[PDB]
Amino acid sequence: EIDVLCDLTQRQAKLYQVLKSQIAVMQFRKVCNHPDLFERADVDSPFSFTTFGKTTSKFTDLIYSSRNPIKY
Amino acid sequence: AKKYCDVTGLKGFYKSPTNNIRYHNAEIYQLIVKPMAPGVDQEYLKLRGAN
Amino acid sequence: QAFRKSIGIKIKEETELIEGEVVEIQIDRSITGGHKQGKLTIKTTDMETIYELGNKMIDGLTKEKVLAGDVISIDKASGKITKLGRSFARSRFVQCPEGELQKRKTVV
Amino acid sequence: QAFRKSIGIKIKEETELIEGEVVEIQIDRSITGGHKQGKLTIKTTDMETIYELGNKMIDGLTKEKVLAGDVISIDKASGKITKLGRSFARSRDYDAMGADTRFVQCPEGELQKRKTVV
Amino acid sequence: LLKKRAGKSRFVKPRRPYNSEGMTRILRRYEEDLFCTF
Amino acid sequence: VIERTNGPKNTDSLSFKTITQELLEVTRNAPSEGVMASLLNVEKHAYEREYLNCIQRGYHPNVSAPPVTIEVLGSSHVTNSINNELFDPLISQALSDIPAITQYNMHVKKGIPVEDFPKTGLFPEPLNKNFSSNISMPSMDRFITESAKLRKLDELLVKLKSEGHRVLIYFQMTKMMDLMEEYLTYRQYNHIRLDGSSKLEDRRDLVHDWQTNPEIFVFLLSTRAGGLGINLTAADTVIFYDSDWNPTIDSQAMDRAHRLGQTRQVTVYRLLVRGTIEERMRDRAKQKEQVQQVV
Amino acid sequence: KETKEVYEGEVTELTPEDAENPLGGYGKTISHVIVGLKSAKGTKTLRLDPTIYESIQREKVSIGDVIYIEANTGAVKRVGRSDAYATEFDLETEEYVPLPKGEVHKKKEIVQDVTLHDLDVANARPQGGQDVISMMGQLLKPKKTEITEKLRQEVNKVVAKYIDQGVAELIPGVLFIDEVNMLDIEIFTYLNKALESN
Amino acid sequence: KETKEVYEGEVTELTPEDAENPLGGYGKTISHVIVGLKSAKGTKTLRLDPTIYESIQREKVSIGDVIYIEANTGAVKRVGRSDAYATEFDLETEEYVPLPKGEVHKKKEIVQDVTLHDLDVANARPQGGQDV
Amino acid sequence: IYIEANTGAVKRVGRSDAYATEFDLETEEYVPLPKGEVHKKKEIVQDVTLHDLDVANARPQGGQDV
């Protein structure tokens with residue numbers, strides 16, 4: 001047997017103390033496994049200050065339509 | 001060619017999608033175009049030869 | 001600049017606006033794409049009409065993608081189309097316009 | 001700025017070193033010379049591989065002009081072309097060049113190596 | 001059906017495509033150089 | 001600036017060639033290992049000495065915004081003028097490039113020469129590929145290093161592959177084995193996944209392909225999916241990610257591997273994190289161990 | 001809490017269609033570009049204007065790369081080479097990316113944390129559009145400018161509209177000025193005015 | 001101190017030689033370029049790289065001009081039309097350099113004197129590029 | 001359209017209203033005909049200062065568009 005031990009990262013300990021403060025064992029062990037179990041990291045992009053043509057729902061047309069929300 | 005209202009003879013802005021009758025404004029539509037009997041739009045369209 | 005920022009000029013003008021609820025969009029494309037024909041059905045709570053579109057109105061409707069059930073406002077002369085939102089269809093949410101489709105708006 | 005100039009950051013990097021004998025260079029460019037792409041065939045005494053080239057690799061190959069028989073060394077992370085010398089010693093030479101490139105040996109062993117730089 | 005059920009129930013990766021259409025070619029062998037222009 | 005043409009000038013004039021441009025034009029096509037070429041190439045040598053073409057981007061802006069729209073109600077001339085100013089074809093063509101096949105079309109198939117092409121390719125070159133845009137995509141490394149268990153898992157796997165070995169890893173959740181093959185394909189390791197959510201036909205030939213092929217490296221598993229009666233004598237190193245549920249389940253887990261037919265030593269690695277509920281889980285497991293061993 | 005429209009996938013084809021009069025002075029060389037994108041359990045074909053294709057070719061997109069088109073601003077990110085082809089025959093230290101999951105067309109929610117000064121700076125010096133003005137704004141040297149009160153009023157109006165829809169939420173904070181004796185009488189007199197704002 | 005090796009003189013002939021086995025889909029594949037040089041008391045025919053041809057076309061070098069070929073880089077440039085080509089044409093207002101003296105092949109040892117400030121302002125001011 | 005003979009300036013007023021019914025919906029604005037004659041002539045007096053010519057000849061970026 002080789003029992004390998006390691007310390008928690010700052011993110012793992014951060015959500016550990018967060019759900020310790022909010023308060024079940026599987027909630028502890030799933031953030032002991034990976035922080036991506038609870039939330040997934042997403043695309044790091046600047047905030048778009050635009051009013052563009054958006055959809056509410058053999059090819060497709062894609063036309064540039066970005067405009068500033070401030071109107072003079 | 002110029003488009004005119006079929007009922008009043010004034011300028012025809014809108015055309016109904018059910019019976020293809022050009023009307024002038026809202027009250028003409030609500031009082032004539034919607035409740036008309038079926039068989040009256042044909043001789044409305046016969047004057048301009050569109051039946 | 002601070003002195004002249006405090007004197008105003010008041011101008012009143014008139015314009016024609018079309019604002020209604022989109023019923024149905026019909027767009028047909030040829031294989032070569034030489035011409036675009038189309039038909040637009042739009043309504044308010046009091047009226048109902050169907051339009052026949054030219055080429056550049058079809059291009060301006062493809063851009064700023066308008067589907068059925070939307071509430072849009074169209075400027076005829078400048079060709080600007082503003083999406084006011086979506087009508088009351090649960091399947092942001094704005095009431096359906098009333099009165100005439102073509103209206104005169106006095107802006108001061 | 002004077003405070004921040006006195007703090008250094010030591011960065012670990014992983015690179016790949018490629019040294020060998022050039023067999024054939026193919027460079028495809030557009031009419032105005034903007035888009036550039038091509039294939040490089042390099043070899044050692046044991047192996048021989050056909051690579052792919054980008055814009056800056058082609059720009060580094062056009063300068064310090066390599067003539068299909070020169071021995072070069074490429075650093076992948078730094079993007080540096082170094083011409084060690086000429087090994088083929090070709091017979092047919094035209095008088096458009098005046099260099100006196102050295103006689104080096106063809107390298108042996110592995111074509112590609114892994115190195116760590118700091 | 002039993003015999004059929006018993007008998008039936010009981011890599012290197014290709015290179016990227018290289019294309020060059022309408023592009024001039026500079027070619028360099030051991031013994032001669034080429035320049036296929038347009 | 002755009003349509004600037006370098007026409008020739010007559011020599012009989014007051015204009016001279018000062019020493020600055022007398023040094024500037026020499027090193028335009030000069031090669032390396034030259035004196036005056038290298039004395040004016042400080043910036044490129046400092047660029048390639050410090051490995052600047054493989055560096056990462058640190059700053060991205062917070063808000064990006066288009067220019068403020070000006071509208072005039074009921075005038076197409078305003079729209080035409082605004083569209084001409086915002087999307088002027090000469091400057092937009094200068095900051096872009098023509099496609100190569102399009103260039104071949106207008107030069108050969110249409111006879112237009114080169115010198116009356118519109119000017120293109122005047123946009124400045126960025127420092128890296130990383131500096132070309134403000135969008136950063138989620139990064140595998142930061143994904144690896146934000147989990148300590150995966151961080152320690154990535155260390156011993158390198159020397160296990162360098163040894164030329166065979167590795168079995170056991171798991172508990174879906175996403176315990178839905179995120180790990182992303183790390184495996186990041187390392188392009190030969191691996192397959194076995195669990196009972198898959199069909200019964202696949203377990204017949206997956207074990208066969210494991211026992212026959214030697215180039216397979218990683219064999220994923222759940223607790224009871226393949227730890228019961230499956231012959232896994234071709235490997236020795238079993239790695240338990242979170243196998244702390246009961247000693248009875250783990251006692252069959254290495255029973256499928258540490259079996260008759262193994263020709264080498266078996267090294268069992270149990271992975272745990274200190275200072276959390278794993279300590280209490282392994283303590284309750286040890287209590288079950290000492291209860292069941294005497295009885 | 002903002003939303004994005006995203007087209008993404010591996011590029012399979014890239015064919016432009018030329019114009020009838022390339023030297024006509026008005027209009028570009030090309031008219032449309034057909035782009036074929038393939039993602040996991042999906043395949044879409046897109047027809048672009050030259051404006052989007054100009055940013056795509058500024059990103060230096062080839063066949064066999066994985067791209068990421070953001071429809072809010074037209075920004076295009078080249079993720080890297082796809083792993084469906086060979087790996088060990090490159091010379092330009094690229095990264096190798098699996099095929100993106102889900103459909104090509106997507107809508108995702110991103111939680112962003114910004115300040116009012118970020119909006120003021122981004123509107124005073126416009127960048128991130130695809131027009132000429134925002135493109136040349138990224139190349140010139142940045143410089144501080146006296147932001148007018150009208151721009152701050154318009155930004156306040158837009159932010160209040162965002163809060164009214166239940167999308168945004170205001171978080172006031174702390175400004176800490178240490179060694180306040182170094183200020184002179186003019187900054188103190190302006191501070192008297194600035195503390196009384198709302 | 002530096003050593004410069006150059007080729008110069010009036011252009012007598014300029015023929016891009018065709019290859020023995022041309023490639024399909026291309027016009028005028030070149031294997032070498034034959035350039036004949038003539039100066040005062042000298043005439044030598046050179047064989048060049050095929051890639052000098054687009055630099056020849058870029059500099060719009062014709063027959064009868066005076067060129068200036070660096071040894072290692074090629075990099076031709078039009079010094080000007082030869083002064084013997086001024087009288088055949090009534091209105092030709094390009095410059096008319098005289099025919100150069102000496103052989104076409106020469107190794108001249110030049111000495112250039114600069115200060116450190118010249119190197120500093122040459123390296124700080126960015127080199128001749130194509131960005132806007 | 002609008003054409004000035006001495007300067008050469010060209011301004012497009014808009015499409016005529018005789019073509020107003022080619023489509024039901026259009027981007028183009030429709031204006032009536034000029035009731036006037038096509039050709040109009042007028043004499044004007046211009047007042048400039050020396051500083052106006054000084055600042056017109058001394059533009060450092062370059063001559064801007066109209």
# chains A, B, ... in the order shown; residues from 1 in each chain; ligands from 1

call {"tool": "select_by_dssp", "arguments": {"residues": "chain C", "states": "strand (DSSP E or B)", "output": "ChimeraX atom specification"}}
result
/C:13-29,36-43,48-53,70-75,81-86,93,102-107

call {"tool": "residues_around", "arguments": {"residues": "range 33-35 of chain E", "least_positions_apart": "6", "cutoff": "7 Å", "atoms": "only C-alpha atoms", "output": "ChimeraX atom specification"}}
result
/E:25-27 /H:29-31,50-51

call {"tool": "atom_distance", "arguments": {"atom1": "CA of residue 254 in chain F", "atom2": "CA of residue 271 in chain F"}}
result
14.6 Å

call {"tool": "closest_residue", "arguments": {"among": "C:63, C:12, C:35, C:43", "to": "chain B", "atoms": "only C-alpha atoms"}}
result
C:43

call {"tool": "interface_residues", "arguments": {"of": "chain G", "to": "chain D", "cutoff": "12 Å", "atoms": "only C-alpha atoms", "output": "MDAnalysis selection string"}}
result
chainID G and resid 57:58 60:62 86:94

call {"tool": "residues_around", "arguments": {"residues": "residue 64 in chain A", "least_positions_apart": "5", "cutoff": "7 Å", "atoms": "only C-alpha atoms", "output": "JSON, numbers by chain"}}
result
{"G": [51, 52, 74]}

call {"tool": "write_last_selection", "arguments": {"atoms": "C-alpha atoms", "output": "PDB file, in the first residue's frame"}}
result
ATOM      1  CA  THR G  51     -16.974  42.127 -42.905  1.00  0.00           C
ATOM      2  CA  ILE G  52     -16.991  38.936 -40.817  1.00  0.00           C
ATOM      3  CA  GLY G  74     -18.164  39.780 -34.574  1.00  0.00           C
TER       4      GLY G  74
END

call {"tool": "atom_distance", "arguments": {"atom1": "CA of residue 219 in chain F", "atom2": "CA of residue 66 in chain G"}}
result
29.2 Å

call {"tool": "residues_around", "arguments": {"residues": "range 45-49 of chain C", "least_positions_apart": "5", "cutoff": "7 Å", "atoms": "only C-alpha atoms", "output": "ChimeraX atom specification"}}
result
/B:14-17,26 /C:96-99

call {"tool": "residues_around", "arguments": {"residues": "residue 75 in chain C", "least_positions_apart": "3", "cutoff": "8 Å", "atoms": "only C-alpha atoms", "output": "VMD selection string"}}
result
(chain C and resid 16 to 18 78 to 81) or (chain F and resid 73 to 74)

call {"tool": "residues_around", "arguments": {"residues": "residue 184 in chain F", "least_positions_apart": "6", "cutoff": "12 Å", "atoms": "only C-alpha atoms", "output": "number ranges by chain"}}
result
F: 140, 144, 150, 153-154, 157-158, 177-178, 190-193, 217-220; G: 98

call {"tool": "write_last_selection", "arguments": {"atoms": "C-alpha atoms", "output": "PDB file, in the first residue's frame"}}
result
ATOM      1  CA  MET F 140      -6.691  22.374 -19.518  1.00  0.00           C
ATOM      2  CA  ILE F 144      -5.492  20.253 -13.964  1.00  0.00           C
ATOM      3  CA  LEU F 150      -5.513  15.371 -10.306  1.00  0.00           C
ATOM      4  CA  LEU F 153      -2.224  12.030 -10.359  1.00  0.00           C
ATOM      5  CA  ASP F 154      -0.427  13.733 -13.252  1.00  0.00           C
ATOM      6  CA  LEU F 157       1.646   8.849 -14.475  1.00  0.00           C
ATOM      7  CA  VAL F 158       4.640  10.346 -16.313  1.00  0.00           C
ATOM      8  CA  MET F 177     -14.925   9.442 -15.312  1.00  0.00           C
ATOM      9  CA  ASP F 178     -16.419  12.115 -17.575  1.00  0.00           C
ATOM     10  CA  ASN F 190      -4.393   4.959 -25.125  1.00  0.00           C
ATOM     11  CA  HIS F 191      -7.419   4.335 -22.916  1.00  0.00           C
ATOM     12  CA  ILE F 192     -10.892   2.820 -22.789  1.00  0.00           C
ATOM     13  CA  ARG F 193     -13.793   3.237 -20.365  1.00  0.00           C
ATOM     14  CA  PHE F 217      -2.194   2.174 -21.073  1.00  0.00           C
ATOM     15  CA  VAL F 218      -5.227   3.283 -19.039  1.00  0.00           C
ATOM     16  CA  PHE F 219      -8.242   1.141 -18.110  1.00  0.00           C
ATOM     17  CA  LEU F 220     -10.973   3.150 -16.383  1.00  0.00           C
TER      18      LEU F 220
ATOM     19  CA  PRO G  98     -10.921  18.179 -29.513  1.00  0.00           C
TER      20      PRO G  98
END
